[PDB]
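> Take this sequence and fold it.
(chains A, B, C, D and E)
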Amino acid sequence: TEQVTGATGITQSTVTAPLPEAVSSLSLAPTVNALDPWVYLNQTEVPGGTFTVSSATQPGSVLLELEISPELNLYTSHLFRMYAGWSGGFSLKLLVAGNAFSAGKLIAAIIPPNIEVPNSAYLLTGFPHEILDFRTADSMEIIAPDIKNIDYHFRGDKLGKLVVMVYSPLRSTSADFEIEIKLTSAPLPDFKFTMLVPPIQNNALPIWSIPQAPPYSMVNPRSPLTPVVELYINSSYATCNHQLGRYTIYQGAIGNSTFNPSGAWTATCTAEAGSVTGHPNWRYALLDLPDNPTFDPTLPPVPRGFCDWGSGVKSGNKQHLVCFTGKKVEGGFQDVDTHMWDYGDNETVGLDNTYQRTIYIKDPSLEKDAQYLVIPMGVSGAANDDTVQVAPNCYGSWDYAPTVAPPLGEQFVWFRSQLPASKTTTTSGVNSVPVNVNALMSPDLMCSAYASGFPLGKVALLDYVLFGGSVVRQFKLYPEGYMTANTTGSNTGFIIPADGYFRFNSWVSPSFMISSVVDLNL
Amino acid sequence: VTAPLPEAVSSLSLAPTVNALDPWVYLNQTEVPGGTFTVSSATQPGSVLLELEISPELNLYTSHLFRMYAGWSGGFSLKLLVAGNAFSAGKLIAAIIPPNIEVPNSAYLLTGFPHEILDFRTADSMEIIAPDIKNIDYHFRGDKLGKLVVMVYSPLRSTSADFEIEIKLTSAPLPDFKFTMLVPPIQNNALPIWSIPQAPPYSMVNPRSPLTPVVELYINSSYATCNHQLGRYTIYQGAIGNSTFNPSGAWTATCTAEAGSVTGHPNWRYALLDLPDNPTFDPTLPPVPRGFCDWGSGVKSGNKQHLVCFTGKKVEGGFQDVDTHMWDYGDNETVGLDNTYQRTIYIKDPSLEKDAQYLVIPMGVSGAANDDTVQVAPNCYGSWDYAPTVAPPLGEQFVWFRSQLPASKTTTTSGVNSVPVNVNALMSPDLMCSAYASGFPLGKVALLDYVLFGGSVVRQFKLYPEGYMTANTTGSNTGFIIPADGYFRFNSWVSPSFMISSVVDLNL
Amino acid sequence: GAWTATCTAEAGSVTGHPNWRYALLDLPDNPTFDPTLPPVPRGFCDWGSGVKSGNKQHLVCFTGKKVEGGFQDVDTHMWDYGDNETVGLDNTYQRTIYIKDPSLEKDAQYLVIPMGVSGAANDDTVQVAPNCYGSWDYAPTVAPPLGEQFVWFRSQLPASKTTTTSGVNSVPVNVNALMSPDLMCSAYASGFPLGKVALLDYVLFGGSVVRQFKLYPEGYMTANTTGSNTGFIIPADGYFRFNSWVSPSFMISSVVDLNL
Amino acid sequence: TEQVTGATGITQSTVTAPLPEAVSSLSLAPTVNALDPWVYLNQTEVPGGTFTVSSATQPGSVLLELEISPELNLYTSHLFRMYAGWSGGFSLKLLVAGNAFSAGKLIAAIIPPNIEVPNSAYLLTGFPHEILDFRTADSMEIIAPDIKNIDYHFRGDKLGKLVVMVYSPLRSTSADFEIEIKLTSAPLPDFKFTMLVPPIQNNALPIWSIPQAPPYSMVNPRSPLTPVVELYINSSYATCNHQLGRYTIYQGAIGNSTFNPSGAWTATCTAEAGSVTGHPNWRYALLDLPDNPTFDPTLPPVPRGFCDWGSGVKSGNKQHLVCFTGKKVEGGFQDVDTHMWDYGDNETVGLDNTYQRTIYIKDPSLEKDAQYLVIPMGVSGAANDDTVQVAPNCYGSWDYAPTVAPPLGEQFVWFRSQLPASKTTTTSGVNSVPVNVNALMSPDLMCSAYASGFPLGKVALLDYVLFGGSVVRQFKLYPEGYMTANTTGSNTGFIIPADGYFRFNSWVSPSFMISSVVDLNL
Amino acid sequence: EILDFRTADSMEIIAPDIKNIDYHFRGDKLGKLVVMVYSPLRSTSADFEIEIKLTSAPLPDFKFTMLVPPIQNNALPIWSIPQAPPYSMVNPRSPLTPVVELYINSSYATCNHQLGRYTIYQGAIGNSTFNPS
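Residues are numbered from 1 along each chain as shown, chains lettered A, B, ... in the order given. The relevant structure is shown in the block below.
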């Protein structure tokens, strides 16, 4: 069908099925559960279906990739949580923003299941497909068939994918009119469910309901016992090699990450003899691991969720970590006092800043092979926020969290925590300096995330309401744990408030660029 | 096509009295109150531009009749007008929202609802019938209502025009639409038409600076946000904070004046404001007397910043030897007290009597204080529902009621010399007059025409329910002025997101 | 806003009791002294304390020499209207006014804050506004229809006496205003039916006690009163509410006993 | 109906009647005079029907306002002069300039009679109406009905109005393409006249024929006996408070304005005793008013059309007015001689510069209560063109002409007159200085205006032909008397020639802005 | 409907059941019947209170539904008081002393007692108890 615009211009509401539909008989299905007709009639936006194509996007890179599955339409996905088996295709719609002054083509091809998706103008046309002009636009209705060899799917079956790619780049220099694409779908008339079953499955919940709580209520994994004073963003902090604050939906807490940071914040050491030749006698001590009684590489080499300060790579007499320390005694501990301690030993690499039992202790009179408390508390010496930020190098094979960096153009938003500075009037020899701690992610959000497991291949785009809805920033939360925001400026000290009320916006693809922009320089 | 969901004529048999309407009301078409919004490339995707409800408010004729009637039924034939251009890129999807049903943030989900779409480029408006979804034979007053939600089916990719598009909605009750239960024409619902009496702003009063006529209107980018108390008013909540409908009466005040001296620098003496309105210093009622003062000259300036005041010892019959005296708020040397809202204040008089009421007339300001300093109202923190600090939506600036404050100098050694300054009042009770007279449609903004030269020049301002007016400004300047000729006039109801078509060049 | 005012303060000497000097009110609203526009600045004052009292009756005022930026030495000063010794000028509306200050500069603007009264002046004396005659369509004098009395907005004016020899001491008195702009607010908002008087109910004790008043289009409010008293007062609790449109001849069913 | 443009673009010739037509039976009409069919077929431009809408015009302000009456179409109006009663509607056409690159809507609503016309996008849609797009344009044919409660109108009946307003503002930044709107009309087939009557009525003549005469032939009311040396324009001369040169079509000559300025230029005074304390003894004198023998406020306080120089507000020994003066004697006057005279007295305000009998006279030996001639002649002292321009302040209740200022953007064009300077070689004590006089309007034009009374609510747009048609300026003549031109520059000394040949262009609304522009700076 | 005091004949006004719903449950919002003095007693020659009684009867269409056991929290239309002399009643202020008589005193303008106070809705108020003894 075709229609003219308000005046001039021409827009086509194309409908076609690039690949024929082979409706299954559902004979093997024990019971073919029907479905509400108004669901077929109604259309919904596919998760991650909103991809924007500008004149800068390279031609050939795929912008959208959807598995033909009940997850496409919200209603069908929610029902699929009720049922067990599903069948039938989907009527996907491509809503395009056509102006008749733009110039370019997009191509939508249905990739069969178990077939790799290529990304190039060439080499992608082979698949059954359709080409949409940007000047025509308006709702190319793709009848995405249900490519099947079994009569109806069970959970986990590999599924065909619809992929949209820039067929011909946008070039019309009408002053950078980007084209936004919305994709919607709904079950085809042939779609049917089967085998009703209690509604608890592995489905990612179609909408993840964010508990309306503020960040300052959240705990700081790297700095428990310290409220999250504000959310924070820095350009310099490219990567994050932390092991205490790191959680993911799939693998759970990683490395030293724990869901009770305050609970595990404490640790103990055996205080083995010997010391390095530093001006203050730094007696060695080995952290005792309740979970690793038999020291082996596959488990962590330090107590779960112990410490992540990692002040200096070669910190000698300039930087230190300060901690309460007391000798274990009947009941509790003996005269617990603050002391300047360090990871491993400065004298040797691989131990200067790593994760191992061996650690410096300021206490000159540290008893040989006596259990000693250690509370990392804070930092002293010449440390600063960035020196704290760099976590110690973790090595071995103890499933430690790999260091990660945000996608180009985005930056890691952190849960900034203000660390009080403890200073002694008497000559205890130790004076913690004011410092701050940044946490990649807090377990509180991750709890609701685990409840509403992310849909595979999608990314939680959470918009952060700050001033009662007047100001709404947008942070992209990745399933790996880190949260990122699209930033244009280049500043290290830019701040975000801690008003709260995180809310779920929609499911977007990792490549998706946040429409909202945070000017760090501003 | 035109009707995504066919209307279900209700038999109304349950209605005690079927109140028909003039057929010509159905025949005629007209724009709807508040059904005006601006869509622009700067708009955020997935953000509902506008939300309505199938209700007699859609048609102004139907609303006017609704003031007479208690019950009503039927949908609304709605026609959507687009101020589009050829360069425009995008489509609009309007999805009728049955009551109790939530609205998805995505157009791909809005498509499921009974909807209908046009193109920005096409000129002929599209007609969408928005049926009334009823679970009862007819609809009483105050019940939940199905919503009409307009969403940009496609945002502005080309954006070659780079100027927003105006949308206006027209509605018509369906032939099946019927009223019932005739009642006296007095309803809490907002009147479709707001009639603003012609009163020049100078004819209005300045809450911040009584006794000084509003000399002009002011615009300033520097004054990004408003934290004032006296000026603020609200259509719904009435007066907020210290603000009162009589700034003149509340201007006077007094303090018990306990015999105490300043601690950091004992050149001043401490006095506590009595609270006739608040019998006891409660954390919920205002800490300062109703409508007293919000100069906030000093932030930490113990001496350089000072407020003037006519002060006198209280005696039988009246006060004593009322003389100018310079004063401050709380403890200048104290954090949380140098500039806050509480009883303690500075007093210049070296001699202050132990617990004697002193007249307090804030009068004016002294020292190095300036307009910028006074514009910053004292920071007040507590649990007495202080008036919240507000700022205009991005792209719009506050318009204030500028007032001129005369200076006062003394040759004799009274030690007080009031520096000349200006004052800015957020809103006027004289405009709240007609505001309260005619209610605001919920979640809608009044668009006011301000006429200066007998109609030759008009400035359009948005007046929000919160009580603050804004103007679209392309430029950025600090000292921009607007005359006080007057003749405020109501234009239309617009959504808060609406952008004023007219623009004001501040750099001019 | 109109309360403040200024006078050119020309070099004129008082007659009768010396030590006072004449001053002319400047007319920012009225550029030039005209027989049609008001002779005094808009909304200046109408105290009219004295009728022929050269010294017994007087008005207080905060006055200061006008200079760049602002006024100078704003101090209380005793003042009056026109020529207290002159018939047709003692109590009228003309730029000429008494000034207590012995030192008045030749043609310098002075701040004029009418503030309050002084001397023998009392509430009755202030209640009599100065007689104004001319062609400037001054507000006509009005009286209530027989059997009804005006209801006024009483206000309290604090006194002020000085220990230092400033020579000015304000006597405490009250003030009565015929109508309030805060009520004319809604009056203008909703016009009056032609030739009809609004009958409004005034509620004092949360509805326990009500008082019916008529609000005439001329601005004055009246109440039917069987008794006759001078000092009768009514609480200011509030809650004015419109009852019904009535003809001017209407007699309020409710009655207020003044002797009570 | 619809039609495409030369290529692309789309234009609609809409026809519709927003309000139904109720044709009267004309039963009560004694005789229903028919009307020439070709008049119905033919279309004409309505007076004031050419209103231009640009992207700067505020949305909401009404641009056009036409009473549905025979005055709309020229032919019908001229016939209506022949007849007595009229009936029937009109087919109004909206000719729009649509480009398909513009963007905006205008709204035309038929206001019923005796109903106030509002001006706002909202609050105006209630009336029966139609919305025209600027991209479609081309002749929306509005069938303006004849809203009647009487079967056929008599003269003076209130009539419904068609009002056109900016429904949606023009914004298309195609480099300031303003849109010009022409409105034309013609009687509907039902239109009929009745009761033929001799053709002399109160109708404004449909076209006002300007007598082809030059300004220098015109007289200068403020300075008779002095030819109008040129037409003149000044930025500084904002308002005009003159009482000698002021005429209007409706109320006739106002204040001291007279149709024989030269005839009344003379006056006489009684020369009452007393003088002010100025260095030269300025004897007082009271002007005798033939029309005001009993001095009363309602009539003027000075002789009709006496004097308007008004040199100085506080002119003492620096400025004066000079006039021939002679003592009345048997026959004529005794030794009439020039003398420096003044309005009222400098010593007092309200008399310094006002209109009253009392006036200064230079003559030291001015006889008490002796009639004396006064001929204002010219000016002396330190006067200049602008000091002369300011007329004296007029006060009282003698129906004096109110001071007026032009609409914003326009300026008062004047009839500049060059005043010869009389200088005495002998010590007569008086020396007139060269000066000029500006006149708001001359009675000569107003004579033809009275003949062709202006249509109510319209303004005479007269184009001034100067160089034989090569140069044609445009001056808007308001019925109040003043003539104005749209000026862009800001200069006080800009001049217009006195070639002549004023010609009538068309009837425009007061809000109308002259298309032609005069650059004062140029 | 409007009635005049002077007339003795009763005026019948039908009080319709305004329903936005098929039928009412217990506790729903209901249309109110309001009686107001249309014109005041300006004459006041009587100066005595005029008593008003209201009588009602269900309209023919009036109908019930959903039979249920007869127990509801609503107040009974008729209140039955056992015949008990006040001296047979107990005095909270002074137990052990029978209520000798009922007392009126103009001087006792207001009551500030705690023990005596009782409330139908709130039961005992302040120190008051159902067993003063």
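> Pull out the buried residues from stretch A:130-137.
For stretch A:130-137, a neighbour-count test (16 or more other CB atoms under 10 Å in any protein chain shown) marks A:130, A:132-137 as buried. No exception for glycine: its C-beta is placed from N, CA and C like everyone else's.
> which residues make contact with it from outside it?
For stretch A:130-137, the external contacting residues (CB atoms under 8 Å, 6 or more residues apart in numbering or on different chains) are A:10-12, A:14, A:16, A:18, A:94-108, A:140, A:142, A:167, A:170, A:179, B:154.
> ok, of those, which come out buried?
Here, 16+ other CB under 10 Å leaves A:10-12, A:14, A:18, A:94-108, A:140, A:142, A:167, A:170, A:179, B:154 buried among the contacts of stretch A:130-137.
> Which member of the buried residues of stretch A:130-137 is positioned nearest chain C?
residue A:137 (51.5 Å; CB to the nearest CB).
> Not counting residues beside it along the chain, what's closest to the closest one?
Nearest non-adjacent residue to residue A:137, counting by CB to CB, 6 or more residues apart in numbering or on different chains: residue A:98, 2.6 Å away.
> contacting residues for the one you found?
By CB under 8 Å, 6+ apart, the neighbours of residue A:98 are A:9, A:11, A:133-138, B:89.
> Can you flag which of those residues belong to strands?
Among the contacts of residue A:98, the ones falling in strands (DSSP state E) are A:11, A:133.
> Mind picking the two most distant members of the contacts of residue A:98?
A:133 and B:89 (13.3 Å; CB to CB).
> and chain A, which residues reach chain D?
Counting by CB under 8 Å from any CB of the partner chain, chain A comes close to chain D at A:4, A:6-8.
> how about a cut-off of 10 Å?
Residues of chain A lying close to chain D (CB under 10 Å from any CB of the partner chain) are A:4-9, A:100.
> Tabulate these (a markdown table), appending distance to chain B.
Below are those laid out as a markdown table (distance: CB to the nearest CB, whole Å):
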| residue | distance to chain B |
| --- | --- |
| A:4 | 7 |
| A:5 | 3 |
| A:6 | 3 |
| A:7 | 5 |
| A:8 | 6 |
| A:9 | 5 |
| A:100 | 7 |
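> interface residues of the stretch 351-500 of chain A facing chain B?
A:463, A:467-468, A:470-472, A:474.
> closest to chain E among these?
residue A:468 (32.3 Å).
> Now for residue A:154: which residues touch it?
By CB atoms under 10 Å, 6 or more residues apart in numbering or on different chains, the contact set of residue A:154 is A:84-86, A:195.
> same deal with residue A:59?
A:53, A:104-106, A:120-121, A:165-171.
> can you tell me which of the residues you listed are in helices?
Residues of these located in helices (DSSP state H): none.
> Pipe those into CSV and attach distance to chain E per row.
Output for these, formatted as CSV (distance: CB to the nearest CB, whole Å):
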residue, distance to chain E
A:53, 51
A:104, 56
A:105, 56
A:106, 52
A:120, 63
A:121, 62
A:165, 56
A:166, 56
A:167, 57
A:168, 59
A:169, 60
A:170, 55
A:171, 60
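> how about the residues of the stretch 51-200 of chain A near chain C?
Residues of the stretch 51-200 of chain A that fall close to chain C, judged by CB under 10 Å from any CB: none.
> In space, what's closest to the residue of the stretch 51-200 of chain A found nearest chain E - neighbours in sequence excluded?
For the stretch 51-200 of chain A, the residue closest to chain E is residue A:75, as judged by CB to the nearest CB, at 30.7 Å. Distance criterion CB to CB, 6+ apart; nearest residue to residue A:75, sequence neighbours excluded, is residue A:39 at 4.8 Å.
> Ok, residue A:247 next?
residue A:446 (4.3 Å).
> and what of residue A:253?
Leaving aside its sequence neighbours, residue A:253 sits nearest to residue A:247 (CB to CB, 6+ apart; 5.2 Å).
> check contacts around the one you found.
A:221, A:253-254, A:257-259, A:401, A:440-447, A:449-450, A:480-482.
> and if you look at residue A:513?
Contacts of residue A:513 by CB under 10 Å, 6+ apart are A:51-52, A:54, A:57, A:407-410, A:476, A:486.
> same thing but at 7 Å, please
By CB atoms under 7 Å, 6 or more residues apart in numbering or on different chains, the contact set of residue A:513 is A:409, A:486.
> Residue A:206 too?
Per CB under 7 Å, 6+ apart, neighbours of residue A:206: A:74, A:77-78.
> do the same with residue A:274
residue A:284.
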